[PDB]
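Notes follow once the structure below has been shown.
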Amino acid sequence: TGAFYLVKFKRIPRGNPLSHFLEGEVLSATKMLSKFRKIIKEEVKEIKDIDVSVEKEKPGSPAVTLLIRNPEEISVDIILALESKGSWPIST
DNA sequence: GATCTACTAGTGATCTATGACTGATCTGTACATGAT
DNA sequence: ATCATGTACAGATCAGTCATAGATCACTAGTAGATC
Numbered sequence: 231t232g233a234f235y236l237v238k239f240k241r242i243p244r245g246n247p248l249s250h251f252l253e254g255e256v257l258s259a260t261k262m263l264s265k266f267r268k269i270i271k272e273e274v275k276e277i278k279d280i281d282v283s284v285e286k287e288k289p290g291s292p293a294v295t296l297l298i299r300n301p302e303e304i305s306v307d308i309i310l311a312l313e314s315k316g317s318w319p320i321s322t
């Protein structure tokens with residue numbers, strides 16, 4: 231596909247933050263995205279001065295979308311990303 | 001009725017598994033050469 | 001005139017080598033238990 235990849239680790243550092251997000255040697259995008267989403271919803275509940283809510287998950291989105299009633303409606307995609315300083319995959 | 005062996009509690013050293021620094025490798029641009 | 005080949009330079013990433021926390025090992029006082 232060139233666009234799509236499976237993510238493996240060389241080194242499980244120790245207990246490692248991301249161990250809970252593993253489905254083998256493979257980092258699970260859906261687990262990570264679910265915990266991310268959970269945290270965001272938790273904090274969003276604690277916002278009392280702004281009308282902000284979490285939008286229902288859109289299929290094919292790497293984001294957690296917020297609807298803000300700043301009277302007018304504003305949508306904010308909070309996109310979970312992994313940063314890699316290695317050289318770009320061959321497909322590029 | 002006292003002294004040597006088997007076990008428990010307690011302390012502290014020694015050994016054993018993980019993050020940070022340095023050298024080695026890789027990729028590409030600028031330039032010199034050689035071809036039409 | 002222009003385009004392919006080889007060298008230096010530059011920056012970045014990757015692979016290989018030391019300080020720190022937890023586990024393990026050694027020794028001693030105190031017991032009980034067995035012997036004289």
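According to the UniProt record's numbering, the residues represented by the first sequence are 231 to 322, in order.
In this text, a Cβ means the ideal position worked out from N, Cα and C, and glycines have one as well.
Limits of the unbroken beta strand (DSSP E) element including residue i
i, result
"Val237", "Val237 -> no beta strand (DSSP E), and no H or E assigned at all."
"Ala293", "293-300"
Burial state of residue i, where buried means 16 or more other Cβ atoms lie within 10 Å
i, result
"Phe239", "exposed"
"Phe234", "exposed"
Beta-carbon contacts of residue i that lie in its chain and below 6 Å, excluding the five residues immediately before and after
i, result
"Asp281", "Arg299"
"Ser321", "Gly232"
"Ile270", "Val294"
Residues near residue i by beta carbon distance below 8 Å, same chain, minus five either side
i, result
"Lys288", "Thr295"
7 Å Cβ shell around residue i - same chain, five flanking residues per side excluded
i, result
"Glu255", "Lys238, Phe239"
Task: Continuous alpha helix (DSSP H) assignments of at least 4 residues falling wholly in the segment 234-281 - done: List check, alpha helix (DSSP H) in window: 259-275.
- [ ] Examine the Cβ distances between the segment 305-318 and the segment 286-295 and report whether three or more of them are shorter than 8 Å.
- [x] Contact holds: three or more Cβ-Cβ distances are below 8 Å.
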